[PDB]
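Novice: Opening piece of a complex, kept in its complex position:
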Amino acid sequence: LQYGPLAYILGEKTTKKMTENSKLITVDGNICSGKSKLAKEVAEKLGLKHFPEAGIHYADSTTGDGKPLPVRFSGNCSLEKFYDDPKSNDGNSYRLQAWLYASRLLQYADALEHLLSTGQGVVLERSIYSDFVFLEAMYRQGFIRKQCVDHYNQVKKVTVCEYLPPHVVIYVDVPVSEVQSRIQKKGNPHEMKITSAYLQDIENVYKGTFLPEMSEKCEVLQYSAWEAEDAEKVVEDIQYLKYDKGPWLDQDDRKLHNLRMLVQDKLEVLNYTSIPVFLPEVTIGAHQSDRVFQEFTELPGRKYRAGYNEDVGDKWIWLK
Amino acid sequence: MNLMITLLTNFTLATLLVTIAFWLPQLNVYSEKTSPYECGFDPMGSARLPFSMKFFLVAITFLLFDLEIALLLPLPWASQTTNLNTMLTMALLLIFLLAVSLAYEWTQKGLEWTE
Amino acid sequence: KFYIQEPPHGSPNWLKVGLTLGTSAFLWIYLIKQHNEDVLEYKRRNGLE
Amino acid sequence: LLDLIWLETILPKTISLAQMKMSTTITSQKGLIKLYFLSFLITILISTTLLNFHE
Amino acid sequence: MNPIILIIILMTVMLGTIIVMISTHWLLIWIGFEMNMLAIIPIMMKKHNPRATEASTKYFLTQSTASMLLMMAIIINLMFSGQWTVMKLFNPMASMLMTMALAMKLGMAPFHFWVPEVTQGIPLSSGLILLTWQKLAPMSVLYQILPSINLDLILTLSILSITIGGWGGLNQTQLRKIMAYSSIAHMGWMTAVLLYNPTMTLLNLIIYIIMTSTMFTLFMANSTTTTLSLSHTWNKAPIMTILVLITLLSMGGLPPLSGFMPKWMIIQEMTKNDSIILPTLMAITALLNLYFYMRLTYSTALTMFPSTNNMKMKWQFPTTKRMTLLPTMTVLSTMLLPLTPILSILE
Amino acid sequence: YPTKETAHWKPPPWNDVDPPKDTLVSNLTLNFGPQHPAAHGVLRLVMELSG
């Protein structure tokens, strides 16, 4: 392939490219915290690479042509049906949550891959260290079961221990009333069904569990709604941070080599998302899985490996 | 024969200086004079608790470097052989291997103590 | 263009194709040369000419 | 009676239950170094005294 | 681990086994086993979790005890022979102690109590190193001392290994313990024909190394260590289910596959020496191994256990793993039976 | 095949990494007391030493 132990042996050390601009930044907040432009603005002043927030179709954007696959092939879930009926009987809530956790795990792997390969920091939106709060809101509002929380805890316990926290966590204080006002001004007819208690639970698992556990392994920058509208303010604060907490200090060439050999193998990243815990929300049975897999194979450019498809026009396959 | 007599003499008048040390003075034994010494106040816990070794990797590597003076020690005798360039090459090979081991133990911060 | 990224097997690794074909052609010519040397040595050691 | 029970009993099910029972007896160890090496001691003592494998 | 240090440690494991293989002095045999053990200990602790420390402690104690018995057998040989040539032993006490040492190093029953524990505790690559490469140095020394090995001792070890390794894999859902009890049974197969024809012992060793390397390479390629995780392979890459099907049918000894090649030849060399009862018990006992092999093929290939929704993401990513020699080992492990008289090159 | 013995055996973890079961290291409490040539006459350092 491209990177391996031989590249580490013959000279490609990952701390020779590690500059002071190599900072992994995660911009967090509630459902309409206005962080969406803010992260891009934090990415455009610091010269960093912005990743959009992982929806259902992030893996569709990273592979193939980048166009979104149909929802039976990726996700088997809908954010809008979760906004309609969060207490559904098909278990769309936890299925949406587990697919979004796998998509954010893939996104965080992509962020670390760009960070360790190029030496350029990546600005993220709601990484895997902050995904769990939605689950807890979904657990407090009676949307899911405790077995779903146990499945999420086992997957998170075996997946997040292999990765690092970000350098900077940016959190945008927007209260529940202003989130509701921005939802009503947004115009999305499903998003206006989000209840007040669900937003308050998101804010409580933010301010009660996430921020007391990240403030020791990284640096928090908790902004309010009015001061986060100026990007120069946030970047102006980022460029004068005294980076002293977290496990980023004790990372040599070897530890980050092991991290990079973990990260670039995407199936090793996604190994433990599909653990054999037969939960009725996420377990797709045999005939449906076979039917959807054999429909996925017949998609254009998906039948073979990414350089071996004559239907989309790959040449010289008899010499590859 | 003389070595056993000499060791028996040294052990004997080292243990006859102890049996006239315990039996000659006057004892006033009570269960505060024989208490453990902890600078005046009572000791917190036992002294049989684990006393965590900080120098443990150096303690292991001492067992691998102490064998070297079971290997490098015939060198006053090995210089008396009639295949001498081979002996010199193998001797400098042994001290060089000890030195490469010590260099590797330096560079991975193994000679430093923990915490 | 189809793929959103450049795939690692998009272009043939012409170094690897050249090494593969050169190694395979060398093994064939050495096999045929060894077999001709073997039939020559067998026809020589036994007089089967 | 015969070809759903007794001829079904005598050849396949007796052997199946025997191999199940022996499989449960062998694999039911506790993972202890103490008991494994004590079984090694008993093996050496049977090999020397009982079976004369040192002869 | 630092890959320079990984290279040096693996070359030292290989150097230990080669020093066992090439040397004509007993002290160099013992040095090779000590070097092999000393270098393979960090391969078991590549991940640094308590199961690797537990497995490494158990492996160190078993191999250290076996090396003690080996060196006592060597010193008794020095007493009763005055020399050090790697050949037959000149005392049945030294013969028994060296046979016990090599049976502990192979993990043959009733010294089998470390092989499923250590194999469960360690990764799949170190499990492959353990179950293939460490089965080469004691089999070399057993090949070299066969004029002095007690017949009753090595046949008792052999059939006791075959029976206990047969029974052990039936109560398992972890794939590494399945391969470990398969190893116990197959080392019993190899050492049974040691005093009758050791060429068949070498043939069984090579075919078992090929099949075990095939199965561990399939497990590493699929990223599965349990039965129920291997059972999702049909939804991810259906050719791997075909390969584990043909390889587990090969390892059970079913014709027309190459894993029938050693076993049959062993019977072919034991009915010549007028032993009919013993390979019959061996062959009937091998059906237990075939039973848990068929259990894994039912769970993986011949049916379709239900997968999850998250598997749909792994459809979009091919395998970027160095599946080293996997089609070559699969072809050698399944379609080699018409080339059965190639075994004469091992004479 | 679950028996009476093989009933408390939970299945092993997925990444083969066990939680550390953080038993207390029990730092040795030295009493660097007042009768000492270093503590200047009257000073009771209750210290905790990791060795």
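Specialist: Thanks, I have the structure now. Numbering: from 1, shown residues only, chains lettered A, B, ... in the order given.

Novice: my guess is residue E:88 contacts residue E:148, does it?
Specialist: Yes - using Cβ atoms under 8 Å, residue E:88 is in contact with residue E:148, at 4.1 Å. Quick note: C-beta positions are derived from backbone N, CA and C, even for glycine.

Novice: Give me the more crowded residue out of those two.
Specialist: residue E:148 (18 against 14; other Cβ atoms under 10 Å in any protein chain shown).

Novice: Which of the three states applies to the more buried one?
Specialist: Secondary structure, DSSP: H, G, I helix; E, B strand; the rest coil: residue E:148 is coil.

Novice: Now it. Its backbone dihedrals?
Specialist: phi -120, psi 0 (degrees, to the nearest 10).

Novice: quick one: it from residue E:98, how far?
Specialist: When distance is defined by Cβ to Cβ, to the nearest Å, residue E:148 is 8 Å away from residue E:98.

Novice: which residues do those two both contact?
Specialist: The contact sets of residue E:148 and residue E:98 overlap at residue E:89 (Cβ atoms under 8 Å, 6 or more residues apart in numbering or on different chains).

Novice: What about the closest residue to chain B within chain F, how many residues nearby?
Specialist: Among the residues of chain F, residue F:33 lies closest to chain B, at 2.7 Å counting by Cβ to the nearest Cβ. Residues lying near residue F:33 (other Cβ under 10 Å) number 18.

Novice: again with residue A:230
Specialist: When neighbours are counted by other Cβ under 10 Å, residue A:230 comes out with 13.

Novice: ok, it to residue A:236 distance?
Specialist: Taken as Cβ to Cβ, the span from residue A:230 to residue A:236 is 9 Å.

Novice: Next up, the contacts around the residue of chain D found nearest chain A.
Specialist: Relative to chain A, the nearest point of chain D is residue D:27 (21.5 Å; Cβ to the nearest Cβ). By Cβ under 8 Å, 6+ apart, residue D:27 lies in contact with E:167-168, E:171-172, F:6.

Novice: which of these lies closest to chain A?
Specialist: residue E:172 (15.8 Å).

Novice: So that closest one is in contact with residue E:295, correct?
Specialist: No - with contact defined as Cβ under 8 Å, residue E:172 and residue E:295 do not form a contacting pair (9.1 Å).

Novice: and these two? which has more neighbours close in?
Specialist: Taking neighbours as other Cβ under 10 Å, residue E:172 and residue E:295 compare with residue E:172 leading, 23 against 17.

Novice: next up, chain G:
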Amino acid sequence: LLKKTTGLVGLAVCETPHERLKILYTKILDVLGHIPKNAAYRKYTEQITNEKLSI
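Specialist: Chain G now in position relative to the chains above:
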């Protein structure tokens, strides 16, 4: 001139002091705008912050 040390222990040398002071003084004024105009802390701190910022 690139001053090497500050003379104080733990006081690290600031590379760009002028822009950092402009940042902190406008940030103090931005936070300090949220105080009522009749409060003496606002008037006095705006006074001394504008003095230091003009310097």
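
Novice: please look at the contacts of residue D:27 again, because chain G has been put in.
Specialist: Per Cβ under 8 Å, 6+ apart, neighbours of residue D:27: E:167-168, E:171-172, F:6.

Novice: Tabulate the residues you listed (a markdown table), appending secondary structure.
Specialist: Shown next, in a markdown table, are these (three-state DSSP):
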| residue | secondary structure |
| --- | --- |
| E:167 | helix |
| E:168 | helix |
| E:171 | helix |
| E:172 | coil |
| F:6 | helix |
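
Novice: Show me which residues of chain F sit near chain D.
Specialist: Applying Cβ under 8 Å from any Cβ of the partner chain, we find that chain F lies next to chain D at F:1, F:3, F:5-6.

Novice: Now do the helices in chain C.
Specialist: With DSSP state H, the ranges of helices along chain C come out as C:14-45.

Novice: could you check the distance from the residue in it that chain E sits nearest to over to residue A:110?
Specialist: Nearest residue of chain C to chain E: residue C:8, at 8.6 Å (Cβ to the nearest Cβ). In this view, residue C:8 and residue A:110 are 16 Å apart by Cβ to Cβ.

Novice: So these two - more neighbours on which side?
Specialist: Legend: neighbour count by other Cβ under 10 Å for residue C:8 and residue A:110, higher for residue A:110 (21 against 13).

Novice: For the more buried one, what is the enclosing helix or strand?
Specialist: helix A:92-118 (DSSP states H and E).

Novice: Following the chain past that helix, name the next helix or strand.
Specialist: strand A:122-125.

Novice: which outside residues touch the host helix or strand of residue A:179?
Specialist: If you go by DSSP H and E, residue A:179 is part of helix A:176-186. Identification of contacts with helix A:176-186 by Cβ under 8 Å, 6+ apart yields A:30-34, A:174, A:191-192, A:194, A:196, A:199-200, A:203, A:225.

Novice: Give the burial count for residue A:128, as a bare number.
Specialist: 24.

Novice: neighbours around the residue in chain B that chain F sits nearest to, how many?
Specialist: Nearest to chain F, among the residues of chain B, is residue B:39, at 2.7 Å (Cβ to the nearest Cβ). Residue B:39 has 16 neighbours, counted by other Cβ under 10 Å.

Novice: Pull up the gap between it and chain E, please.
Specialist: In this view, residue B:39 and chain E are 39 Å apart by Cβ to the nearest Cβ, to the nearest Å.

Novice: thinking again about what came up before, chain B next: which of the contacts of residue D:27 are close?
Specialist: Counting by Cβ under 8 Å from any Cβ, no member of the contacts of residue D:27 is near chain B.

Novice: Ramachandran angles for the residue of chain B closest to chain F?
Specialist: phi 60, psi 30.
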